[PDB]
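Reviewing the structure listed below.
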Amino acid sequence: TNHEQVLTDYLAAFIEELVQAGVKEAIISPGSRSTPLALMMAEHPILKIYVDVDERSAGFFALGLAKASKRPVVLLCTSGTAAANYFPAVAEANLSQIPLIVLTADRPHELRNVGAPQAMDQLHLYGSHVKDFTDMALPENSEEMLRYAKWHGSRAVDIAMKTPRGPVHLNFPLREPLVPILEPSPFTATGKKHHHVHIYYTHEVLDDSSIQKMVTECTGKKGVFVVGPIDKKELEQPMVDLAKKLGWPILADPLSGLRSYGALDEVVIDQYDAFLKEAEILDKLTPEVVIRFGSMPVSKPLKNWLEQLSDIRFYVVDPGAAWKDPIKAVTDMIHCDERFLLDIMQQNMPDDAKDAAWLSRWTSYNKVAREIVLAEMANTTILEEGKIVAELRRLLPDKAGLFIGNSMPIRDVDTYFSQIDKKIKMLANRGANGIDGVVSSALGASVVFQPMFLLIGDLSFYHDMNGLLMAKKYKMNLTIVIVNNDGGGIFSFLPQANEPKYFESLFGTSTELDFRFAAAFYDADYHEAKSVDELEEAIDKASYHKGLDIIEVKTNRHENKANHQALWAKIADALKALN
Amino acid sequence: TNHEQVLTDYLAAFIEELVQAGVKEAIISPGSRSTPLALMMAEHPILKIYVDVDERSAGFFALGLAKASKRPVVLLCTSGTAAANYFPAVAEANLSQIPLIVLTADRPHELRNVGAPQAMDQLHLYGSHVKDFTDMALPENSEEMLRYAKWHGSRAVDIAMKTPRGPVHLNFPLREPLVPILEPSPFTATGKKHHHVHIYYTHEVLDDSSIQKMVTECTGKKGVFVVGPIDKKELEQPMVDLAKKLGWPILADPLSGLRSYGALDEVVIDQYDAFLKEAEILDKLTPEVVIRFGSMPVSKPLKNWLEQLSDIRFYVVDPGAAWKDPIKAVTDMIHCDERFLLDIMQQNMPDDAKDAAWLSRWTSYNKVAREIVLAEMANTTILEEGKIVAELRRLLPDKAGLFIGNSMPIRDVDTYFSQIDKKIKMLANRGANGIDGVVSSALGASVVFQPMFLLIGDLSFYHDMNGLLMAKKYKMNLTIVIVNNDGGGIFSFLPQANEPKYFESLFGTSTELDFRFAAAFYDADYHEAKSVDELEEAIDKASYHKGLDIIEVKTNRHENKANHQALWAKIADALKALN
Amino acid sequence: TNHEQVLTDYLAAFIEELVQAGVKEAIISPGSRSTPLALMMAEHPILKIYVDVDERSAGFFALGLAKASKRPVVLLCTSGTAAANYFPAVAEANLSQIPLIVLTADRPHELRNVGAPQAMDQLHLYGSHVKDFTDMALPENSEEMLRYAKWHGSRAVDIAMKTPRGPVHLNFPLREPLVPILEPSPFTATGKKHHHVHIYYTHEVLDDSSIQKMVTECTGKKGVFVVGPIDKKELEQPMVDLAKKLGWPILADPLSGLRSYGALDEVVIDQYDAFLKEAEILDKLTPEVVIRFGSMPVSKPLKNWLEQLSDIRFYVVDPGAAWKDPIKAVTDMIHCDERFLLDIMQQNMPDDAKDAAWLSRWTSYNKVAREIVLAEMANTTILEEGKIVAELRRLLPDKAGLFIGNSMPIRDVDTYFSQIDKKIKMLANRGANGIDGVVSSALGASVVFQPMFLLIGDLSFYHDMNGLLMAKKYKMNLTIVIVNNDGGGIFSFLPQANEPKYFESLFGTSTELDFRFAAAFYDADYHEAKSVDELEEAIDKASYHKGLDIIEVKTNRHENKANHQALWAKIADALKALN
Ligand SMILES: Cc1ncc(C[n+]2c([C@@H](O)CCC(=O)O)sc(CCOP(=O)(O)OP(=O)(O)O)c2C)c(N)n1
Ligand SMILES: Cc1ncc(C[n+]2c([C@@H](O)CCC(=O)O)sc(CCOP(=O)(O)OP(=O)(O)O)c2C)c(N)n1
Ligand SMILES: Cc1ncc(C[n+]2c([C@@H](O)CCC(=O)O)sc(CCOP(=O)(O)OP(=O)(O)O)c2C)c(N)n1
Ligand SMILES: [Mg+2]
Ligand SMILES: [Mg+2]
Ligand SMILES: [Mg+2]
Ligand SMILES: [Mg+2]
Ligand SMILES: [Mg+2]
Ligand SMILES: [Mg+2]
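Below, the structure is given as C-alpha cells:
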C-alpha cells in the first residue's frame with residue numbers, strides 16, 4: 002500500500018531487466034524528480050554509475066562510451082530543460098547508430114501542462130531521432146504492472162541494440178514522495194526471483210539466389226571497395242583478404258580501421274582524397290563495380306568522383322535498411338550482415354579472375370602520393386596541422402584509441418594518416434558532424450580503449466570544456482592535442498574567405514583564450530608545443546601521466562590553404578607524368 | 002537566372018521584413034549552410050549582430066536579451082546538431098513566453114534523409130515548444146515567391162509577439178552555391194521599394210457584463226492578490242494603487258517587480274514564504290477572494306496554502322489563455338489585459354468597502370517577520386547565503402538589473418529580499434526553472450539594463466561558463482556573485498539528505514573547481530569575499546569596472562538548513578504570540 | 002524549361018521505379034492536385050488502375066489487395082481532407098504489417114498554411130502509423146533531381162516491403178499547370194534508359210549458438226504451439242510436420258490457415274476457445290514450453306490462460322522485432338524468419354522425445370468438443386450464427402477465399418470452424434479490429450483469390466456499403482453473407498447488457514434497414530435465407546453468378562448468448578467427466 006514500496010517494486014523490476022539485458026553503465030544527471038530512479042541505480046551492485054552535472058556533456062559521454070564499448074548505455078536526467086540538453090547527443094546517436102537508452106523523469110499527469118515548476122512536455126521529446134518512445138505508467142506494484150515494467154526494460158534494450166541500432170527514449174512520470182526503500186536491498190536476490198527475457202543472436206543473410214547473382218555480376222569486373230566510417234568489429238582482415246583475392250583496391254576512410262589494423266597491405270588506398278582531384282588521372286581509374294561499406298567517407302573529392310560515375314554497378318551494403326546514400330547512386334542494395342557478405346564472396350568468387358593492371362593502377366598513385374606526403378612532413382620544422390597528424394601517427398602506441406574532432410582534424414587525418422602497422426581504434430562523431438561534445442565523447446571512449454588520445458581544433462575544445470570536469474571527477478586518462486588556430490580554420494578553404502568585410506566576425510571566430518588557464522581549472526598537465534621535439538616530449542610525459550594532459554599547438558589559419566594547395570600540386574604534378 | 006541573384010532576392014525580402022517588424026538584434030552561430038542568411042544579416046545597416054560559437058549559450062543569450070528588451074530577437078544557426086542545441090532555450094522561451102524567431106538553415110530536399118554530411122531531420126524539430134513551424138521554400142525570385150518570403154517574415158514576428166508570446170521556428174533549405182551578392186547592397190533603398198505589413202496594436206478587454214459581475218462579486222470581500230513572475234511593464238504602481246483602494250494585501254514574488262519598483266508601500270507582502278508555514282497563524286489569514294497575476298510564485302508554502310483554500314473565489318488573470326494553474330484551483334478565469342483589469346477596477350470598485358482589520362492582519366505579520374529577518378542578517382559576520390542577499394539589497398544601485406539563478410539563489414531572494422525603495426529590474430529563467438544558460442541569459446539582459454548583476458550558485462555557473470566568452474568578445478558589463486557551496490545546496494533541504502550512502506555522488510555534487518582560474522580564462526576581474534567588507538569592496542570596485550567581474554563567496558552546504566530553520570522559528574515563535 | 006516537361010520527367014522517374022520495384026496496382030482517387038500523378042499512372046502500360054471515389058473505401062481496397070497478393074500497392078489521392086480519409090486504412094496497415102505506398106498530392110510551399118483552398122498540413126500526416134514519411138521536392142528535371150525521384154521510388158517500396166512490413170507515405174507538392182505531356186509516351190522505352198535499383202532477398206537467421214540453446218531447452222519438454230493470425234505463406238505444412246515430430250499440439254487461430262490448408266491432422270487444436278474456460282480441465286493441460294507464432298489469437302479465454310501460466314519458457318517468434326505481446330509473458334524472444342525456425346528445429350530436435358500422453362490430452366478434448374459442436378449445428382433448423390458458419394464450412398469450394406468481419410463473425414468462426422480438408426485462404430482486418438472497411442477489404446482481396454466470400458455482421462456492412470460501388474464499377478465477384486441481427490450483437494455478451502435503460506441506444510444500435518434496397522442500389526443479386534436449404538440454394542446460385550451477390554440471414558441478438566452458453570456447457574460437462 003505504501004507508495005514508497007510501490008515505487009520501489011516498480012523501478013526495481015525495470016532496472017534489473019536493463020542490467021540483465023546488457024546495460025553495464027548509467028550516466029546520471031542530478032535532479033529531484035529523477036531521485037527514485039537514480040537512487041535505485043546506485044543500489045544496484047553490478048551497475049557502474051558516472052555522474053555528470055552538465056546534461057549536454059553527460060549525453061556525449063554516454064555516446065562515446067557506447068560508441069567504443071559497443072554496448073547499451075543508460076542516460077538518466079531530471080525533468081525540465083535537462084532532457085532538452087540530451088537532444089544533440091540523441092541526434093548523433095540516431096545518425097551514427099549508437100544504442101542509448103534515454104530515461105527522463107517527469108511530473109505526474111496532474112502536474113503536466115498546468116504551469117507546474119520545472120515541468121515541460123516531454124512527450125515525443127526527441128521526435129524522429131529515437132527509434133521508440135514510451136511514456137511509462139505511474140508506478141504500480143500489481144502483478145501485470147511489475148511484468149509490464151520488466152517487459153519494457155527488455156524491449157528498450159532490444160530495440161536499441163537491433164540493427165540498425167539507435168537511441169530509445171523512456172519517460173517516467175513520478176509522483177511524490179520520491180524516496181524509495183533501499184534497505185532491505187531491492188535486488189541482491191533478497192526475495193523474489195527475476196524473469197529475464199533472453200534475446201537470441203540473429204543476423205540477416207543473403208538468399209542463395211541472390212548469392213549466385215552477386216557472385217556472377219562481380220566476377221572479373223574491374224571493381225572497387227569504398228569503406229567509410231564502419232564500426233562492426235573484426236571486419237578489417239576479411240575485407241583485406243577479399244580485396245586481395247579479387248585484385249581490387251579499397252578506398253578506406255580513417256574511421257574504417259583499415260589504415261591502422263595492425264598490419265600493412267597493398268589493397269588499402271589512403272590517398273584517394275589527394276589524387277581524385279586531378280582530372281588527367283581519373284580516366285585510367287574508371288571502375289565497373291563499386292561496393293560501398295558503412296557510411297559516406299569524409300572525402301569530398303571522392304564523393305564527387307563517385308557521383309559522376311555513369312554505367313556502373315553500385316552495390317551498397319546497408320544492413321538494417323538505413324538508406325544512407327547522399328549521391329543517390331545505388332544500383333544494387335544489399336540488406337545483410339557485412340560479415341556474411343565478405344565470407345560468402347571469399348568462398349564463391351573466382352580466385353583466377355584478376356586483372357593485375359587494375360590494382361597496380363590504384364596502388365601506384367597511392368604509394369607515390371603517400372610518400373610525397375610523408376616526405377614534405379618529414380622535412381618540415383613548422384608544426385603545421387599536417388605535421389601534427391604525421392607526428393601523432395609515428396608517436397602513438399599500439400593498441401591506442403584516437404578520437405578525432407570534426408572540422409579540420411578529421412580532414413587532416415584523411416590527408417596525413419597513411420596506413421600504419423599499429424592497431425589504432427579511431428573514433429569520430431560522424432553522424433551530424435557536430436563540433437559539440439567531442440571532449441565528452443572522447444572521455445567516454447577512454448573508459449574502453451587506453452591509452453586514449455583526442456585531436457581537436459580550438460573552437461570544438463571550447464564548445465565542450467565542461468566535459469573535462471568528468472576527467473577531474475573520475476580521474477580519467479586522456480591526452481588532448483588542441484590545434485589552436487584561433488577560430489574556424491575550415492572556413493578559409495570555402496569561397497566565403499575571399500570577401501574579408503564580414504569574415505572573421507562570422508566564419509573564423511577569433512577567440513583569444515589562453516587555454517593554459519582552462520587546464521589549471523580542470524587540474525590538467527598542460528604543455529605547449531612550438532617545435533617538433535617539444536611535442537615529442539609532451540606525448541612522452543603524457544604516457545607516464547595516468548590523468549588528463551592537454552597539449553596546445555598554435556597554428557596560423559591563413560597559411561593552411563597555401564600548405565595544402567602546395568602539397569596537393571606536388572602530388573598532382575608527380576602523378577600526372579607517371580606512365 | 003543566377004542562383005546567387007535568386008538567393009539574394011529571396012533572403013533580402015525575408016530579412017528586411019523582419020527588421021521592419023521590430024527585430025533589432027540577431028544572435029548568429031557560425032556555419033557553412035547558414036552562410037547566405039548570416040552574410041545578409043551583416044549587410045543590413047540597422048540590424049545589430051552578436052556572434053556566439055556555442056549554440057546553447059547563443060540561445061539563452063537571445064532569451065535574456067528578448068526577456069529584458071521585450072522585443073523580438075532572431076537566432077540563426079547552421080544545420081546539424083547546431084539546431085539541437087537551441088532546444089533548451091526554446092523550451093524556456095515557450096514556458097516563459099519570450100518572442101524568439103529561431104532560424105535554422107538546412108540542406109535542400111536532395112540532401113535530406115539520405116545520409117548527407119551534417120544533415121538531420123529539422124522538420125518540427127522543437128515540437129510543441131514552438132508556436133509555429135515553417136519549412137521555407139527553396140529560394141525563388143518570382144513575384145509570388147518574393148511576396149511569400151516577405152509574408153513569412155511579417156507572420157513570424159507577429160505570431161511570436163502575439164499574446165501569449167513565444168518562440169517561432171523557420172527552417173531554410175539552402176542549395177549551393179551559398180555566397181550571396183552583397184555589392185551592390187541588397188538593402189539601403191538601392192533599387193526596389195519594400196511593402197511592409199503594419200500590424201496594429203490590439204489588446205483583449207472584459208465585456209461590460211463581465212465587468213459588472215467582477216466588480217459585484219469582489220466588493221467588500223476579504224481579498225488577496227497573488228502576483229508571481231510578471232513581465233508586462235508599468236503594472237507595479239497600478240497594482241499597488243488598486244490594492245490600497247480595497248484594503249487588500251499583495252503577496253508578491255521577487256520577479257513581480259513589487260519588492261523593488263522605486264518606493265515603499267504597505268500592501269506588498271514579502272515574507273509570506275516565511276509565515277505561511279506556521280499553522281497557528283493561518284486561521285486568521287483565511288481569505289474569500291484570490292486574484293492571481295502572472296505565473297506561479299516560487300514559494301512552496303504559499304502554493305500549499307492556496308491549494309488548501311476551500312470555499313473561495315479564485316480569479317486567475319491569464320491574458321492569452323495559457324492555463325498556468327498548477328494547483329488547479331481556478332474558480333473564475335479572466336482572459337484580458339492585466340493593464341485593463343487594474344484600470345476598470347480602479348474606476349468601478351467602491352472606495353468605501355475596506356475592512357482595515359484585514360490588511361492590518363497581513364501587514365503586521367509581514368512587518369514583524371521582515372524586521373526579524375533583517376535583524377539576524379544585520380548582526381552576522383558569517384557571509385552565509387542570507388547575508389549575501391541582504392548585502393546585495395543594500396549595495397545595489399538604483400536603476401540596476403539583477404539576474405537570479407535558479408535553485409537556491411532564487412529561493413533566498415524570496416526570504417531575504419524585503420521591499421526596497423529602489424527600481425531594481427529582477428529577472429530569472431522561471432519557465433522550466435533550469436540551471437542551464439543563466440550566465441548567457443544575464444549577459445543578454447545586460448545589453449538592456451545597466452548596471453547588470455547576476456547572483457548564481459556554483460553548479461549553474463559551471464553549467465554555462467561558455468557564456469563568458471561573449472562578455473570577453475563583446476566587452477560587456479556584468480558583476481557575477483557566485484555562491485560557491487561546492488555542489489547542489491538545494492538538496493540538503495529535501496528528504497534525500499538523510500541517507501548519506503548515495504548522497505554527494507548524486508545530490509550535492511562536490512566539484513572542487515578553483516573559479517579563480519575560470520576568471521582568468523575569460524579576462525574577468527576576480528574577487529573572493531570572506532568578510533562583509535570584503536564583499537562591499539568588490540561590489541564597489543565592480544562599479545568602476547566597465548567589464549566582467551566575478552565575486553566568489555564560499556559557503557557551507559551542510560549548515561544552510563540549520564540557519565534557515567533557526568531563522569524561520571524566530572519568525573514563527575514571534576508571530577505565534579502576536580494578538 | 003517547360004514546366005510541363007519538367008513535371009513529366011520528374012514523375013516518370015518516380016513511377017517507373019515504383020513499377021519495377023514490384024507495384025502492379027494503383028488505387029486512385031479523383032482530384033485536381035493529383036492530376037499529374039494520376040494521369041502518368043494511366044499512361045503506364047504495365048500498371049493496373051482501380052478508381053474509387055470514396056477515399057476511405059479506396060484505402061481498405063488497397064489494404065485487402067495488398068493483404069491477399071502480398072505485394073506492394075500504391076494509393077493516390079488529392080490534397081485536403083481526402084488524405085485524412087486514408088488514416089483508418091493506414092492505421093490497420095501499420096498494425097497488420099501491409100505494404101501500402103501512400104501518395105498524397107499537396108499544394109506547393111506558397112499555398113501551404115496560408116488559407117489556400119483545399120490545402121491542409123499534410124506533413125507527418127499519419128504520425129507514427131507510417132514507417133517513413135517524405136515531403137518530396139517541387140518537380141525538377143536536373144540530373145540529381147531525376148536520380149532523387151528514382152532513389153525515392155526504390156526506397157519507398159523497399160522500406161514498405163522490409164520486415165516488419167508496413168505503410169509508407171510520400172507527399173508531393175505540385176505547382177500549376179498540372180497537365181503532364183503524355184504524347185510522346187514518358188515510358189515505353191521511348192527515349193532514355195532506366196536505372197532500376199535491384200534489392201536482394203534477405204532474411205534473418207538464428208546464430209548457431211542460439212540454435213543449440215533453442216534445441217536443448219525444448220527437448221522432451223511438454224510443449225505447445227500458439228499460431229495466431231499469420232500471413233507468410235507455405236508455413237502450414239512445416240508447422241504441422243514439426244508439431245508431429247515433437248508430439249505437441251498447435252492451438253491455431255482461424256486466420257493461421259491451419260484449420261483449412263487442404264488436409265486433416267491431429268496436432269491442430271481448433272476448440273481451445275471452447276474448453277480453456279473449464280477450470281477442472283486446465284490442470285491436466287499445463288505446459289512447460291509455449292512457442293507463439295504471429296499475432297495474438299482472437300480467443301479471450303486462451304489469452305487469459307496464457308496469462309496465468311507461471312514457471313514456463315514462453316518463446317515468441319517475432320521477425321522484425323515488432324514486440325506484439327499483450328500479456329507481456331515473453332521469456333525468450335526470437336528475431337528470425339519463421340520458415341528458418343521451423344526448418345532448423347525439424348532437422349535438429351530429437352525424433353525420440355515424445356510423451357504421447359501429452360498430445361493425447363489435447364487432441365481428446367478437441368476431438369470431443371469439435372464433434373459436440375458439429376452435432377448441435379447439424380441437428381438444428383434455426384439459421385443461428387453458429388449454423389451459418391457451420392454451413393459455410395461445408396458449402397465453400399476448395400481454393401476459396403473467405404474474408405471475415407470483426408465483432409461476432411470473427412469469433413463465431415473460432416468456435417464453429419473446426420478443421421476442414423479444403424484450402425480456404427482466410428482473411429480478417431485484425432490490426433485494430435475495426436468494423437470499418439471490411440467490404441472494401443474483401444473486395445480488394447477478391448482481386449487475388451477466387452471464389453471470394455465475405456461473412457460480416459450488419460453494422461459493419463452498413464459502415465462500408467460504399468465499397469460495393471467498386472464491385473458495380475469493376476464487375477467483381479464477391480458473395481457477401483450478412484448476419485443481420487439489427488445492431489451490435491457482440492454487446493449482449495458484455496456486462497453492459499444487464500442494465501437496459503441506456504442499452505440499445507448505445508450498445509446494440511437498432512438500425513432497421515432493408516438491405517434488399519442496398520442490393521438494388523449496387524446491382525447485386527440479393528437472397529434472404531430463412532431455412533438451411535434456402536441458404537444452400539443461394540450459395541449455389543452465387544457460384545454461377547460472376548458478380549456481386551448478397552445473402553441476408555436475419556438473427557435475434559438477444560438469444561445469441563443463450564445458444565452460446567448452452568453449447569459451451571455441453572462441451573464443459575462432457576469434458577469434465579473424461580478420464
Ligand atoms: C554544433 C555545431 N555548430 C556549428 C558547426 C559548423 N562548423 C563546422 C562544420 O562545417 C564542420 C563539419 C564537418 O566537419 O563535417 S566547423 C566549425 C569550426 C570548428 O573550429 P575548430 O573546432 O577550431 O576546428 P578548425 O578551426 O577547423 O581546426 C563550425 C562552427 C558544427 N559543425 N557543429
Ligand atoms: C538543466 C537542469 N538540470 C538539472 C536541474 C536540477 N537541479 C535543480 C532544480 O531542482 C532547481 C529547480 C528550481 O530552482 O526550481 S538545483 C540543482 C543544483 C544547482 O546547484 P547551484 O546552481 O550550485 O545552486 P545551489 O547549490 O542550490 O546554491 C540541480 C541539478 C535543473 N534545474 N536544471
Ligand atoms: C470503427 C469501429 N468503431 C467501433 C468499433 C466497436 N465495435 C466493435 C468492437 O468491439 C469489435 C472488436 C473486435 O471484433 O475485436 S463490434 C461493434 C458492432 C459491430 O456490429 P456488427 O458488424 O453488426 O457485428 P455483430 O453485431 O457482432 O454480429 C462495434 C461498434 C469498432 N470495432 N470499429
Ligand atoms: Mg552501487
Ligand atoms: Mg581551430
Ligand atoms: Mg552591419
Ligand atoms: Mg551551489
Ligand atoms: Mg494504362
Ligand atoms: Mg450485427
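Chains as they are written, first to last, in the deposited numbering: chain A, 2 to 580; chain A', 2 to 580; chain A'', 2 to 580. A prime marks a further copy of an entry chain.
The C-beta atom is built at its ideal place from N, Cα and C for all residues, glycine as well.
Closer than 6 Å to a non-hydrogen atom of ligand 5 - does that hold for the CB of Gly509 of chain A?
no
Please confirm whether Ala22 of chain A' has its beta-carbon closer than 7 Å to some beta-carbon of chain A''.
no
Could you please tell me which residues of the region 146-157 of chain A', in chain order, have their CB closer than 7 Å to any CB of chain A''?
The residues in question are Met146, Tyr149.
Using a Cβ cut-off of 9 Å, which residues of the region 316-330 of chain A contact any Cβ in chain A', in chain order?
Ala323, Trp324, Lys325, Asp326, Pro327, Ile328, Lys329
I want to see whether chain A comes within less than 7 Å of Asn564 of chain A', judged by CB atoms only; does it?
no
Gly435 of chain A' and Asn407 of chain A' look like a contact to me (Cβ under 8 Å); what is the Cβ gap, rounded to whole Å?
6 Å
Check the Cβ of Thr36 of chain A against every Cβ in chain A' and list those closer than 7 Å, keeping chain order.
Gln497
Can you find at least 3 beta carbon pairs, one from the region 487-500 of chain A' and one from the region 406-423 of chain A', that sit closer than 8 Å?
yes
So which residues on chain A'' does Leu207 of chain A lean against when the C-beta distance must stay under 8 Å?
Those are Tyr201, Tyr202, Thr203, listed as they occur along chain A''.
If you count every other CB in all the chains shown that lies within 10 Å of the CB of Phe462 of chain A, and 16 or more means buried, which is it?
buried
For a test of the three-state rule: what should DSSP assign to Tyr503 of chain A'', helix, strand or coil?
DSSP places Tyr503 of chain A'' in coil when its eight states are reduced to three.
Residues that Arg57 of chain A contacts on chain A', provided the C-beta gap is smaller than 7 Å
From the beta-carbon of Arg57 of chain A, the residues of chain A' found nearer than 7 Å are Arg57.
Hey, is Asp333 of chain A'''s beta-carbon within less than 7 Å of any beta-carbon in chain A?
yes
Is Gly167 of chain A a contact residue of ligand 2, with contact defined as CB to any heavy atom under 6 Å?
no
Which runs of the alpha helix (DSSP H), 4 residues or longer, sit entirely within the region 116-181 of chain A?
144-162
How many Å lie between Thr332 of chain A and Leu40 of chain A'' at the Cα?
28 Å
Indicate whether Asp266 of chain A and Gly229 of chain A have their beta-carbon atoms separated by less than 7 Å.
no
Verify the contact flag: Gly490 of chain A'', CB atom, against every heavy atom of ligand 3, threshold strictly below 6 Å.
With a cutoff of 6 Å, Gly490 of chain A'' counts as near ligand 3, since its C-beta is closer than that to a heavy atom of the ligand.
In whole angstroms, what separates the C-alpha of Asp413 of chain A from that of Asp53 of chain A'?
Rounded to the nearest whole angstrom, the C-alpha separation of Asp413 of chain A and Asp53 of chain A' is 26 Å.
Quick check on the burial criterion: 16 or more other C-beta atoms within 10 angstroms. Buried or exposed for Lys234 of chain A?
So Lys234 of chain A ends up on the exposed side.
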